[PDB]
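Have a look at the structure below before the remarks.
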Amino acid sequence: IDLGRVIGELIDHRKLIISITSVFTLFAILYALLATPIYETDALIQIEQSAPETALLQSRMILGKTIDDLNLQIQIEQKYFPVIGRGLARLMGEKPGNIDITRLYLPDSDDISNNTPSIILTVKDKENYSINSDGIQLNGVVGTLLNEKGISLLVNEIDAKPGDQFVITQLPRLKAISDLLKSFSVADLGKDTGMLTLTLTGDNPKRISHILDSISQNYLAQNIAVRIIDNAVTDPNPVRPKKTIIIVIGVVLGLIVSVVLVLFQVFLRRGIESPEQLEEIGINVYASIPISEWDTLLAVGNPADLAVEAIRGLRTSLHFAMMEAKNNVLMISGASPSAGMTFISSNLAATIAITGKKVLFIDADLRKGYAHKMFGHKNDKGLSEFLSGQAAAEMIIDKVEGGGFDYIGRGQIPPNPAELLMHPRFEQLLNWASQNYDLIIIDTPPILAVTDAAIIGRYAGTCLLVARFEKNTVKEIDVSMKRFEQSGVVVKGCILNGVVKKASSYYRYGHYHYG
Amino acid sequence: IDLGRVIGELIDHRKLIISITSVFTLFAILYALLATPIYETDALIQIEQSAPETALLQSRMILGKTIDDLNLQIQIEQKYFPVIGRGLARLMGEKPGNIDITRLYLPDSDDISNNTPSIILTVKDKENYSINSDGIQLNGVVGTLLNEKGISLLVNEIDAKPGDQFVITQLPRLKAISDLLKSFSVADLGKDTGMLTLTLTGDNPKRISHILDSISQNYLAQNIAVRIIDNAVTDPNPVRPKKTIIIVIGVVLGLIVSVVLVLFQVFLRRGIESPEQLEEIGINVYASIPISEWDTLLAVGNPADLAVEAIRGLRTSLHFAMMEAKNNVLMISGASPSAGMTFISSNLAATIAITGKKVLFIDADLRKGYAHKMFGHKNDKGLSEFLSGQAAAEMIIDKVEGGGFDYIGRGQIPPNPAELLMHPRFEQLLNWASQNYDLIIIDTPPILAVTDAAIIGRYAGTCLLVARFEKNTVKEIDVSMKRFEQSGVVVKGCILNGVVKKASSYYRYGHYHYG
Amino acid sequence: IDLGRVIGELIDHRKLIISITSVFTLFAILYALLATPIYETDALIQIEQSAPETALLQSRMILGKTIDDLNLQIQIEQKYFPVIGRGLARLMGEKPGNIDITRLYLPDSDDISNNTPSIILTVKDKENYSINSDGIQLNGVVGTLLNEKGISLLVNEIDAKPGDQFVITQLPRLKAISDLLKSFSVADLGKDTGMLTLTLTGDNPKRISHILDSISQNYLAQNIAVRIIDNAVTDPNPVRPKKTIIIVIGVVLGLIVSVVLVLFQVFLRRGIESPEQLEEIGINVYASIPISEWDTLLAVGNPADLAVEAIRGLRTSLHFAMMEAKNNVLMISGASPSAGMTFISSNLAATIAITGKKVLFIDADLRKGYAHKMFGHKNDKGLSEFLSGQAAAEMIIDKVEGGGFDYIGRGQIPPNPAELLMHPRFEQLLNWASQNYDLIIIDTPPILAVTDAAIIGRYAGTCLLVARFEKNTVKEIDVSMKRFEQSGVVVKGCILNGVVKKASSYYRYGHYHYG
Ligand SMILES: Nc1ncnc2c1ncn2[C@@H]1O[C@H](COP(=O)(O)OP(=O)(O)O)[C@@H](O)[C@H]1O
Ligand SMILES: Nc1ncnc2c1ncn2[C@@H]1O[C@H](COP(=O)(O)OP(=O)(O)O)[C@@H](O)[C@H]1O
Ligand SMILES: Nc1ncnc2c1ncn2[C@@H]1O[C@H](COP(=O)(O)OP(=O)(O)O)[C@@H](O)[C@H]1O
Ligand SMILES: [Mg+2]
Ligand SMILES: [Mg+2]
Ligand SMILES: [Mg+2]
């Protein structure tokens, strides 16, 4: 491989690359803007050692004392239903509410799993509130204590707007101690001095400084039954989430996944990409037809279409190839369905009719031929009725209205399509038509699916295959050619159909307007 | 190899891959949900050293003292018959039962192996219970002590539902001490401080905390004849089993075993996969017939089957190959049995009869021919009776009912099949039939097994081999061709039969419906 | 690749290389001259240890004491609207202003984000000033204190020119302490001695020395409730930005980006560069025409142009190639539009007419032919009107004025250009003209876009393609030749047009003046 190939591949897949990178970067931005910020407070302690003091600070006696002093076993969480409600509320500038609770005693359900009882408190005004544990609604008032239904509560100084809801949990003392220990750090910072740096993290910048001051006071008071050089203050800039590294990670991750996905698609492609793939195998390509982005004949509705220009190129190529052919019959076939055989056949018939030659178009697709719909029809008396013997050769020929050539439709779909085509009446029809017309074009079903084209091809002096631009593979076309050669039918060459513009190609068609 | 191959192989084997990975992941989930959880308790001790204290804590004097205090030599296990009964009971929310036993003395059988006597106690109510050691049933009551049959028991505070059974074992003191020592850990956690961290694991979160408190008290009391900073508490989250790592391991193990199994099957395949394998060796393939998923002729029951379409393709190929043949006799044979020789022969005869040609089908498989069953028969007077001389050429020919061609059945199975076929009456029959029919098709046994086809092939102007899609190998077909060539029989080519859709193939047949 | 190639590439791209390097170096110089200089002060302290003193110096008690003493919570910033205003003002020699403020109390808005209140003070004279916080304009006087609108201010010794504006911020004490800590360093410098080196950086060389003296005095005074060997002095040479390394980095970065960009363009080029690329494929090149940097015929306006000399070379080559041609008709075509087909065709006609031969020029580009504009026209009765039958062969021929040859214009643009050219009247016209002229030159549309040239080429004894020097590729020309060969038209060879001078080429044309 070379760099031009990969650059063209990136240019072609730019829509997917951009979409994937933008999606990943949007998710990264949403996380870096909706994650709750985490602040850090710290304090500095003087030791007159300092290895066992580190274990004494993190022990459950000191931390438990702090938790008892500060009532850290009463967890209060402002309620937002979604997982992004809190982040949005912070972004909108809404001030978070808080409640001071000095006494809480839940009935302590203490079942197998839920060791932490919790209730929901809804604020009705600055004074009263509603409480529900499991649907049991009670009304309480700030100030006066509540002792009802096995529930004790004392609420002071509700500072929020009415309608807010708060989850109040009474978690066990060990759970509180473990929570405090997880966010608490002690370090020496000199490895030999009596200086210890205590650190604490949390989402409330005032609460963490109060908690660290309590820890320092408890440790100092316990030791004298040590000097606090720096009492706890909180850095106002949150330490998490780290926004810029998150966004950079998101962008780079999006780019790498996009690149590997494009590499995956490029390594898994097998369709035809240029006429050179067919010409390596030894197959003549007579034209490349682009997709016309424009029940009508294209060569009649839009004669100045680019696909019709490419078909005029095919017309001039054929006028030279079909010299020294045994008769004036051309058969168009292909490997797979919806490659474009009917499109090519009918539009070629129209462009050859505009030059003043008499053209007969035969729809010999007895299984799915729709040419009568595309030309305007009297669907009675098609090729079926003629072959089965219930029609004559003069009742089946009709005129294309905006075209200028004659045609024969398929007729009624028969039960034995391949066997009807083997009747000698088919060759009688071809020999009769070959004397009243300058050209006969026969449209057929694909050869890999059924065998009708190989029957028809015995009486055609020229045979061309239609290959679809991206769908078909080189192996398909080669197998189709060999299946034709085995039945005694020589295939003159190929027509590539439905070509589109690709930056990776480096093959230049003339698929652009000139005028 | 290239990535497209391996991706196609994975697509083809996806059923096996998915099944294996799902089985392994289900087993991993069952283990991670049924393994008994193991909790951890820990405590913190202050040393005013700390290297020999680690050996003193783990010594048998202190641990034995703890065991004597807590009666850890009385093992009580709630009885579940299966190895998943306890896990299911925990999952169903059933509360485990417990019994407080303060005095236990089993008769101490003390045989060669079973040093641990054990009895089974069945709860009948909150007060009384039944006891059985070796079938000896006794009744006891909570409170009053039991001294009977050399068995002493004192049970207090049965807390369970009636019908529960408990195994009560009296294990030796050293066994209890070793059990305690296995789950007990001591560490320094500072490597120089007087701080020791004691840890204990077990399935009962309260029992382990009691045991660790007992150990700490015994060590402290013995030393003063040390400060306990943190008494034992249990982390409520079990430390084992670690569910997520178990499930991840199960998934990754399933994926790796699936991949190696698929790689094993791919490296061990030798059958034919595409007509290109036969065409490399120099063998013409005239058709590829798919499996028809539809005692009847397929070309008559379901004429619009895909296999019948492929056989019409073979019919058109043969109409061109059999030109310039010495006579109108076609022989179908093959390498191995049940490749499809009778299927191809009979369905080809039907599709050639629908085109209005007179066809004779001869079942020259004198060893296992069943064509008379498939056509509707008068089994008398087949080819056997004609060759052996006890029938004429006009009594053996019959009509296929839904077909449209004549046929000759095998007749009665003879004892000398190969020698009957060598009679000049066989060539007389063929020469007579060659003037009353347009085509004669002869179905034969496989050539690797027996030699009858090589005898028949002397009088056939065309001979084709049938290769089964996945069963046969290229070597088999080449050996069959060479065995035919050695006997003076030229094989025109091959028919691949029973082809199916494979994502790894990258060879495109036309085996899809068009209509 | 070899060194001559890369050197030629650099010579060719020197304009881009120089421009990019100069841009990057200009940006580096602008940064190294506009970044605010940062000075460094330092002091030396004697310790009679020195590990905990390092943590005591950087603690918030000592630094906070310094900030309280020096009023470092009053931030004063001289206001420049742009991000380069301060640098320009320093470069112009303008002396920065300063104000001594001893008392500041802002109303402390203290909203969600803006924790730092700030006001703007505009100097009106040496005595009075104007103050605005949020549009509230107040007048104050140096000396007398201001207590108005919840704002307290005391300003002393305004030393600046009138019209200056200063931002006065009251940042929080922790923010001031963090700012001081970020620019403050302590080191031991001997790792064992009682010598400590204190360092401080900042943009004001006097303020930082005062701050470091305050820190040293506070630490010394606190310890005695230590010897200061060196009091703080400031190095007069700024430590940042480091100009020379910045400029060197800019230059080297510019060079590397230029080199990679030129390498990118060289690896992405696919156009034709020399006639050897076409001659490898087997295509005869008959001339290489340079760009003429000079609605007129070039061979008439500037006959001594270099392009006309190259066209005289083509004339002599053609006089030898067109011997043994079937007729005296030459067709010029090409692959893509604006390759130069009309330029070559018309100028070749002029140079052949000056030698005394009778020349007919036919503009057979019925879609975009403009030759009538370039020759001076009576636009009526062109080739369209003749082919459609509404004009005779004697009314369509006109004289080029400054030329010397006859010509036929296209006529009115028809709706069916390709089909008009297929009329037998075209061959009648060519056969009639072939007897009254020595040479007929036909100009055509490009062959990849439309098919008209392949129709015209049947009646031309000689056909040449024009390839554009850098635009066309070898693949394009080869595809054009093969499209012509498929239609039965033999292409004699190619003309390379619009060649320019490239140092990387190492192919020498004769494109220089001789005279
Ligand atoms: N180059 C093309 N540009 C635009 N439409 C096309 C082109 N080729 C085929 N088609 C349209 O795509 C559809 C499928 O092609 P069709 O010719 O009918 O398939 P088939 O090969 O089975 O005969 C048709 O509706 C056809 O008109
Ligand atoms: N492509 C096929 N699709 C469906 N059934 C098939 C196909 N080929 C063979 N069979 C069936 O499989 C069985 C074995 O094949 P058969 O022709 O009787 O074997 P043999 O080669 O020994 O003569 C038969 O019952 C046949 O009808
Ligand atoms: N070697 C050249 N030097 C200067 N001008 C040129 C040269 N070749 C072509 N041109 C001018 O560039 C323009 C495009 O070329 P033109 O011959 O008209 O294109 P086309 O190939 O489509 O017929 C014209 O205006 C032409 O005069
Ligand atoms: Mg079709
Ligand atoms: Mg059989
Ligand atoms: Mg032009």
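Chains as they are written, first to last, in the deposited numbering: chain F, 17 to 64, 85 to 261, 409 to 477, 494 to 714; chain E, 17 to 64, 85 to 261, 409 to 477, 494 to 714; chain G, 17 to 64, 85 to 261, 409 to 477, 494 to 714.
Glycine is no exception: its CB is placed at the ideal position from the N, C-alpha and C atoms.
Taking a C-beta distance under 7 Å as the contact criterion, residue 63 of chain F and residue 186 of chain F do not qualify as a contact pair. Here the segment 522–539 of chain F makes contact with the segment 631–646 of chain F; the two share three or more CB pairs at distances below 8 Å. Using a Cβ distance threshold of 7 Å, residue 648 of chain E and residue 28 of chain E do not count as a contacting pair.
Here the alpha carbons of residue 605 of chain F and residue 634 of chain F stand approximately 14 Å from one another.
With contacts defined as CB atoms closer than 7 Å, residue 686 of chain G and residue 515 of chain F qualify as a contacting pair. In its chain, beyond the 5 residues on either side, 155 and 156 have a beta carbon closer than 7 Å to the beta carbon of residue 168 of chain E. Judged by the Cβ position, residue 495 of chain G fails to qualify as a neighbour of ligand 6 at the 6 Å threshold, every heavy atom of the ligand being at least this far. For residue 239 of chain G, the closest of G/593, G/20, G/51 and G/674 by C-alpha to C-alpha distance is G/51.
Taken in chain order, the complete alpha helix (DSSP H) segments of 4 or more residues contained in the segment 577–642 of chain G are 582–586, 616–619 and 623–632.
Shown in chain order are the members of the segment 139–173 of chain F whose Cβ falls below 8 Å from a Cβ of chain E: 148 and 151. Boundaries of the beta strand (DSSP E) around residue 223 of chain F: 220–223.
Each of F/102, F/631 and F/49 was checked against the Cα of residue 122 of chain F, and the nearest Cα belongs to F/49. Scanning chain G for C-beta atoms nearer than 7 Å to the C-beta of residue 516 of chain F yields 685 and 686, reported in chain order. C-alpha of residue 670 of chain G to C-alpha of residue 454 of chain G: approximately 6 Å in a straight line. In this structure residue 688 of chain F is in contact with residue 656 of chain F, their Cβ atoms being roughly 4 Å apart against a cut-off of 8 Å. Secondary structure note for residue 156 of chain G: its beta strand (DSSP E) is the uninterrupted segment 154–159.
With fewer than 16 other Cβ atoms inside 10 Å of its own Cβ, residue 452 of chain G counts as exposed. Boundaries of the beta strand (DSSP E) harbouring residue 59 of chain E: 54–62, taken from the DSSP string. Nearest in C-alpha terms to residue 87 of chain G, of all of G/38, G/175, G/232 and G/460, is G/232.
For residue 131 of chain E, the number of other beta carbons within 10 angstroms of its own is below 16, and it is reported as exposed. One alpha carbon belongs to residue 31 of chain G, the other to residue 18 of chain F, and they sit about 28 Å apart. Interface residue (Cβ-Cβ distance to chain E less than 7 Å): residue 680 of chain F is not classified as such. If you check the CB distance, residue 441 of chain E and residue 45 of chain E do not come in under 7 Å. Membership of residue 471 of chain E in any alpha helix (DSSP H) is not indicated; the residue belongs instead to the beta strand (DSSP E) covering 468–473. In the structure shown, residue 231 of chain G adopts extended strand secondary structure according to DSSP, grouped into three states.
Relative to residue 162 of chain E, the option among E/582, E/196 and E/181 whose CA is nearest is E/196. With a threshold of 7 Å between beta carbons, residue 621 of chain F makes contact with chain E. In the three-state scheme derived from DSSP, where H, G and I count as helix and E and B as strand, residue 708 of chain F is classed as coil. DSSP, reduced to helix, strand and coil, places residue 546 of chain F within a helical segment of the structure shown. For residue 546 of chain F, the closest C-alpha among the options F/143, F/176, F/504 and F/138 is that of F/504.
Taking residue 624 of chain E as the centre and dropping the five residues before and after it, the same chain places the C-beta of 585, 586 and 588 closer than 8 Å to its C-beta, in chain order. Within the same chain, 558, 560, 604 and 640 come within 6 Å of residue 548 of chain F by CB-CB distance, once the 5 residues on both sides are set aside.
Here the segment 91–109 of chain G makes no contact with the segment 175–186 of chain G; the two share fewer than three CB pairs at distances below 8 Å.
The beta carbon of residue 412 of chain F falls within 7 Å of a beta carbon belonging to chain G, placing the residue at that interface. Contact note: residue 96 of chain F reaches chain E through 60, 412, 413, 414 and 416, using a C-beta cutoff of 9 Å and chain order. With a cutoff of 7 Å on beta-carbon distance, residue 221 of chain F and residue 235 of chain F are scored as near each other.
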